[PDB]
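Have a look below at one chain only, the form deposited in one PDB entry, in structure tokens format.
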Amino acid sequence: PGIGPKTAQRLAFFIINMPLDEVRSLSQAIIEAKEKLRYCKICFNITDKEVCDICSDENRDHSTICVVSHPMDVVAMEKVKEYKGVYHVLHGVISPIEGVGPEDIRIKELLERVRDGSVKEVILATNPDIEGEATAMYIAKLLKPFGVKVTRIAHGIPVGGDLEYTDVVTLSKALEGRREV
């Protein structure tokens, strides 16, 4: 079980409630996963190829990057179809409380992506909670010295909800409502 402590506990709870046939399916799924899935060379989203079909799609706006904590959040933003840009998946947020610093989440590679002056906007779409907002805060500040417009998906997402389980209606609105700095 090469798996983290709090996650093992969750699988245990899940597994005990699930029928035999699904347990088998999970165990097959896990193997399939291990060999089909990859991190994208470019956005670090979960995909099945070296480059995700969003990044490999030269019909998209590569000059606008949407930064999300997780792959699911790519999924949520892709239910608008109003967004034509590309993404960056952080794979976490900055959380002192869990010993996850900026060096442990994909911040350096976002930075490397702004080197070639090719990036025009970076939209920050982490959660409206404290770790979400603070991660946003840091990134804004890290990219300031460079030539890049940085915006923050507006309020429209409630107290502490998830960018990821938010309905296409309110997301669209918050993406349109982007504040600068």
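Shifts are known only where both forms have a C-alpha. All residue numbers are counted from 1 along the displayed sequence. Under this definition, the rigid core comprises the largest set of C-alpha atoms superposing within 1.5 Å between the forms.
Note that the form deposited in another entry isn't included here; everything after this is about it.
Asks: Do you see a C-alpha shift of 2 Å or more at residue 34 between the shown form and the other one, with the core held fixed?
Replies: Yes, the C-alpha moves 2 Å or more.
Asks: Taking the shown form as the reference, report whether the CA atoms of residue 133 and residue 169 lie closer or farther apart in the other entry; the distance changes by 3 angstroms or more.
Replies: Distance between the C-alphas of residue 133 and residue 169: shorter in the other entry, by 3 Å or more.
Asks: Are residue 169 and residue 140 closer or farther apart at their Cα atoms in the other entry than shown, with the shift being 3 Å or more?
Replies: Their C-alpha distance shrinks by at least 3 Å in the other entry.
Asks: Using the rigid core for the fit, write out the stretches of 3 or more consecutive residues with CA shifts of 2 Å or more between the shown form and the other one, ordered by sequence.
Replies: When the rigid core is held fixed, residues 1-31, 33-35, 156-181 are the runs that shift.
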